[PDB]
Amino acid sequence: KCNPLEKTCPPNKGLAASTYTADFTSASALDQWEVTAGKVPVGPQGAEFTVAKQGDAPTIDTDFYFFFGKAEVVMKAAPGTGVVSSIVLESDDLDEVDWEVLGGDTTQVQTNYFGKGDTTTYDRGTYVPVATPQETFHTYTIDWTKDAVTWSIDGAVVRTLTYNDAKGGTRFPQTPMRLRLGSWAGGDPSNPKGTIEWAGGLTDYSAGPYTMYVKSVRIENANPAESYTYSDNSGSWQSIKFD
């Protein structure tokens, strides 16, 4: 939560490899992850993100950050009105690329991005058709280069954000990012009306529980390093130092 746009921050721990793969069949697979809220059991269908009662927001974050490359997640989304299933790439300056599935919307996934925590417009969000994301696994793939972010589902391109498209590159995600996986109630009664409407309605916890499943993760790090340092206030990929 230390923002390098505002302060000098300690370095991000790096994925010092070109490839990271986790089959979530195994208890082992959570080695390089932090269960950063709730409890995330690892059954035969992989890591389980259950929303059972209000305040349930089970999440895992990678210990490491990667700097360009690829994030591929095999996920079956949680069902249920207002239950959100989230795949997030996020940097310490709040550059961000994500997938959002809504439990009651059985025909789409939302694609999204933020540059530097800037939520000013809503040119960031696009819905794409997907067959029953709550009832079947899909492969959600983000290809991330200095030229473009590409979203793919089951190896079909569904969205491309070019560097120029993201306010002339000023809002292009281009700082080292970690992968966050989680489910949560967008339709929590305590949420803003706008979040509940976006989530597709009020969440009924008693009609639960609602479980998102992640069976595997593949990360390709374009720039393997032990760590990344933001050398200035630019938030530019050019400002990122690593050995």
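Numbers follow the displayed sequence, beginning with 1.
Set 71 to 79 against 166 to 174 and average the Cα temperature factors; 166 to 174 ends up higher.
Taking the PDB entry as given, 20 to 28 carries the higher mean Cα B factor of the two stretches 226 to 234 and 20 to 28. When the C-alpha B-factors of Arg124, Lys116, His138, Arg159 are ranked from the entry, the top spot goes to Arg124.
Going by the entry's values, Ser206 shows the largest Cα B-factor out of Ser216, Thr59, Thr50, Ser206.
In this PDB entry, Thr120 carries a Cα temperature factor that places it within the highest third of its chain's modelled residues. Per-chain ranking of the deposited C-alpha B factor places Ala199 in the lowest third. Among the modelled residues of its chain, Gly38 has a C-alpha B-factor that falls in the highest third, as given in the PDB entry.
In this PDB entry, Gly187 carries a Cα temperature factor that places it within the middle third of its chain's modelled residues.
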